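The primary structure of each chain is shown beneath.
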Amino acid sequence: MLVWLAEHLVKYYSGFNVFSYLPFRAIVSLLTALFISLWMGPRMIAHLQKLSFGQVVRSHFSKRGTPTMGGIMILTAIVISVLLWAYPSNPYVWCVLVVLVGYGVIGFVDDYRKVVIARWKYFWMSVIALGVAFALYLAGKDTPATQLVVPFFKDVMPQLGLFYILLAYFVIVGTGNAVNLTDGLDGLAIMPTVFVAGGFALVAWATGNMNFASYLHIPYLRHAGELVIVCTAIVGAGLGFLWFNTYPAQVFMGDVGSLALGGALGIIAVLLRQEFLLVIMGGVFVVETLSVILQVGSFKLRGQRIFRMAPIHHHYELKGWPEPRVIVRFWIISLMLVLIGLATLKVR
Amino acid sequence: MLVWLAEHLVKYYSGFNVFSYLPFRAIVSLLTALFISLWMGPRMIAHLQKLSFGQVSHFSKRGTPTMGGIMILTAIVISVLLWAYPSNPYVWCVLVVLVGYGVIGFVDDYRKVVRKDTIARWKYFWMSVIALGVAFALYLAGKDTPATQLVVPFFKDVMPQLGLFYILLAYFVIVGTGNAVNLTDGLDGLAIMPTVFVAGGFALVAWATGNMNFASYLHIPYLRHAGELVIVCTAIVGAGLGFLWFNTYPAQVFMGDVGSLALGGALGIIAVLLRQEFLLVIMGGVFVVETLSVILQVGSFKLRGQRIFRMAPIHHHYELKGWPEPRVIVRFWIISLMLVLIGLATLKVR
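This entry, as listed in the PDB, derives from cryo-EM and reports a resolution of 3.8 Å.

### Observations concerning the interface of chain A and chain B
On the side of chain B, 33 residues touch chain A, which itself brings 32 residues to the contact. Here chain A and chain B share an interface that buries about 3100 Å² over both sides, 79% of which is from carbon and sulfur atoms. For the chain A face of the interface with chain B, the top three residues by lost area are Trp243(A), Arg329(A) and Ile332(A), together amounting to 20%. The interface formed by chain A and chain B holds zero salt bridges in total. Applying the counting criterion to the chain A and chain B interface returns seven residue pairs in polar contact. Elements supplying a minimum of two residues to the side of chain A that touches chain B: α2 (22–39), α10 (227–242) and α15 (323–347) of chain A. With 13 residues, the single largest contributor to the side of chain A that touches chain B is α15(A). Taken together, the residues of the side of chain A that touches chain B break down into 25 nonpolar, four polar and three charged.

### Here's the deal with empty space enclosed by the protein
Put simply, the largest cavity is a space of about 100 Å³. Considering the residues around the largest cavity, the lining is formed by 14 residues, among which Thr246(A), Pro324(A), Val328(A), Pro326(B) and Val330(B) are closest to the centre. Among the secondary structure elements, those contributing two or more residues to the lining of the largest cavity are α15 of chain A together with α14 (325–348) of chain B. Here the second largest cavity is characterised by a volume of approximately 60 Å³. Lining the second largest cavity, in full, are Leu48(A), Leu51(A), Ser52(A), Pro67(A), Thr68(A), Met69(A) and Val115(A). With three residues, helix α3 (residues 42–53) of chain A is the largest single contributor of residues to the lining of the second largest cavity.

### Thoughts on the environment of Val235(A)
Residues and elements named next belong to chain A. Note on placement: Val235 falls in helix α10. Assessed through its relative accessible area of 10%, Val235 is described here as buried. A sequence separation of 108 residues divides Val235 from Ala343, and the C-alpha atoms of the two residues are 20 Å apart. Excluding its chain neighbours within four sequence positions, the residues that come into contact with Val235 are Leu30, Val194, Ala197 and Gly198.

### A word on the pattern of salt bridges
Residue and element names in this part refer to chain B. Throughout the structure, instances matching the rule amount to eight salt bridges over all chains. Note that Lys123 is salt-bridged to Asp257, the shortest N-O span being 3.1 Å. Linking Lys123 in helix α5 (residues 122–141) with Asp257 in helix α10 (residues 257–274), this pair joins segments that are 134 residues apart in sequence. Per residue, the accessibility class of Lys123 equals that of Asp257, and both read buried. A salt bridge links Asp157 to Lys156, with the shortest nitrogen-to-oxygen separation between them at 3.5 Å. Taking relative accessible area as the criterion, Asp157 reaches 68% and is therefore assigned exposed.

### A word on the environment of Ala131(B)
Residue and element names in this part refer to chain B. Locating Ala131 in the fold gives a position in helix α5. For the pair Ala131 and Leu187, spaced 56 residues apart in the sequence, the C-alpha separation amounts to 27 Å. Residue contacts for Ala131: discarding those within four places in its chain leaves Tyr101, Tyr171 and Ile174.

### Some remarks on the packing of helix α4 (residues 89–114) of chain B against α10(B)
All names here are of chain B. Put simply, α4 and α10 touch, their axes get as near as 7 Å, and they point 155° apart. Judged on the interaxial angle alone, α10 and α4 are roughly antiparallel. As for the relative orientation of α4 and α10, their crossing is right-handed in sense. Facing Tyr90, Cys93, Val94, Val97, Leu98, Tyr101, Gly102, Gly105, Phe106, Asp108 and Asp109 of α4, the residues of α10 in contact are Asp257, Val258, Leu261, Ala262, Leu263, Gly265, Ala266, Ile269, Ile270 and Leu273. Class assignment for the residues of the contact of α4 with α10 results in 15 nonpolar, three polar and three charged.

### With respect to the nonpolar core
Counting 221 residues, the largest nonpolar core has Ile267(A) and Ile269(B) as the members making the most contacts within it. Per element, the largest residue contribution to this core is 13 residues, and it comes from helix α9 (residues 229–245) of chain B. Once you skip the residues sitting within four places of it in the chain, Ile267(A) turns out to touch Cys95(A), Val96(A), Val99(A), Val132(A) and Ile172(A).

### Digging into α3(A)
Under the 1.5 Å per step criterion, the end-to-end length of α3(A) is 16 Å for twelve residues, consistent within 8% with the ideal 16 Å. Following α3(A) by one or two positions, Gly54(A) adopts a phi angle in the positive range, close to 95°.

### What to know about unusual backbone geometry
Excluding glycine, residues mostly have negative phi values, and the peptide bonds linking residues are mostly trans. Unlike most non-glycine residues, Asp142(A) shows phi in positive territory, near 50°. Residues other than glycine seldom take positive phi values, yet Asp144(B) does so here, at roughly 55°. Take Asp144(B): it is sitting in the loop between α5 and α6 (165–183).

### Side note on the packing of α15(A) against α9(B)
It is the contact of α15(A) with α9(B), at a shortest axis distance of 9 Å, that shows an interaxial angle of 150°. By the angle between their axes, α15(A) is roughly antiparallel relative to α9(B). The chirality of how α15(A) crosses α9(B) is left-handed. On the side of α15(A), the interface is formed by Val328(A), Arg329(A), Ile332(A), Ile333(A), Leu335(A) and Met336(A), while α9(B) contributes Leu241(B), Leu244(B) and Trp245(B). Its residues assigned to classes, the contact of α15(A) with α9(B) shows eight nonpolar, no polar and one charged.

Reading the values: the criteria
Residues numbered from 1 in each chain as written, not as in the entry; some residues may be left out. Chains lettered and ligands numbered in written order. Heavy atoms only, no water. Contact = heavy atoms within 4.5 Å. Buried area = accessible area lost by both parts, 1.4 Å probe. Salt bridge = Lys/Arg side-chain N within 4 Å of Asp/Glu carboxyl O. Polar contact = N/O pair within 3.5 Å; in protein donor to acceptor, adjacent residues only side chain to side chain. Helix = DSSP H or I, 4+ residues; strand = E, 2+ residues; numbered from the N terminus. Nonpolar A, V, L, I, M, F, W, Y, C, P; charged D, E, K, R; others polar. 1 Å grid on protein atoms, 1.4 Å probe; cavity = no way out; pocket = protein on both sides within 12 Å on 5 of 7 lines; lining within 4 Å. Points joined across faces, edges and corners; volume = space filled by probe spheres on them. Buried < 20%, exposed > 50% of the residue type's maximum accessible area, 1.4 Å probe, protein only. Axes fitted to C-alpha atoms, helices over the stretch in contact; angles between N-to-C directions. Parallel < 35°, antiparallel > 145°, perpendicular 65-115°, else oblique. Left-handed = near helix turned anticlockwise from the far one by under 90°. Core = buried A, V, L, I, M, F, W, Y, C linked by side-chain atoms within 4.5 Å. Expected span 1.5 Å × (residues − 1).

Below you can see the structure in the form of structure tokens.
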């Protein structure tokens, strides 16, 4: 909404016209997100630890008694930055915001219950995802805004009907749960989110313009040009939160922020018609989901286990790898998958 | 060199024009450097363990080889030679600077750890002579050309043309970047990931200065046969990341002057060829801040006699204040990344 002020007051001073330039707005959104996250930092963690344990005053590596409600930091940063430097008239930004808010409140309720139910959370996630997908499908009737996009191929673009809603629901809920289970280690489920959000900012910017949209064969969405601000704000908020959520994590991520960020990533993926690009980019989350699935399947099928623990990060941590080593190694893996995914668009 | 192989085998390998297309070869170079580094990591760390100490505890401070930057050096050089055009002089200038700094660091670390001694100022003399030679060669290449005009961001209006001052600027930037990367290596992994970010930003800029249309759009000096520096920057990114695989907080292998000085010189020289020294300062703000902090505390302890930081490098200051090492590492990676983004954004507004 702050950009609206810039254009409504550019008449008196013509220098405000720069605020409507997408790159400048994106950079300012990044900076606003990080600065908000850092400003609502130590005070917020102090409040959370007072509420959870009472004794405000806090060995380091063997951390204990750290707050587990830090995702409200990400929620506030992302929402404030988006509402400040993104056009409210866009329905796409509002769809992203409603998905973030819904998943964040779901996780917040879950963590509040924990500090003071699977079916309830699953049902709320499913209903919100289904509603969002239904609205998006109603908008995109027989339009390249609802055609499936596959890498390494441009002749095939199978238009979707109810399969569009089905795939939207799968991608959104699967990404949300994948980030929820990737929370296993502190700092592991934010930097991959930052890298994927940056990749999606680049992709969304490529979708916005006519020339690049036609050059890369990416489907054109007129309203997708403003998702750059949301993606960049997600990047900024993720970096700001990682400032505290390092191996000696001052504040744990918790579900309240994890589910919100997973839903945000999935929703950016679906609105851009880039589910496969999210799978490749966020391949860390997908492979962790596959790991837990394989572990449970082997456990039920036979007495032997594939991994030490169901998630890969926990398995490697117990194998002997220290926590920071595995955290940084999966950061590297996520970065490489992000670059590969971004190249996959150019391969087409 | 494989590009030449594709060029003179395309007559029957129909469809290998892709091997010449710059983004493809850049991504392939990154992957090649990363996978080479990952494949040859364990062997190098094992050999260095059996060499430095003679024989092969969670975060123990001992048993970690110090001169492990041979990994970065070999990865970068092999990737560049295999995928970058050797015809152009820019890639070879970067390669020679990198190899010279690498051998200087290797000699220093061999004299340090293998002989249990504690090179003295001969390293600096060699640094100066190689930097001056490279700067003189570049100046001889460019006589009253955009390759020597200074680039000042925020103001495309003024671009002073350097004469003999070009050699001085190249000396200052290269030597300062080398020393700053040497200083900021006190922690493990703190001098790599920022190097990866700076190298990626420089890869984007070099791809930007490669094209006439794009260079005109950004009003950056158009440098011929400088688009192949994209391969060198991309291979630096890949090698730095592959090394970081083995150089996280539980450092399986410390990087010594070998590698650290190599990457510092590579960043400085890449800045010199691209004529973006000031942008190099913006991107390596971390290195610059560390160097000026060391100098500032030295001056304070010399004149006033008191100290304002616990230790000369800023990261040492923070960790001794109470910050654990991983927190400092990540809180400097974030700063370096955001400085890279700030510099790249500055590149556009002029």
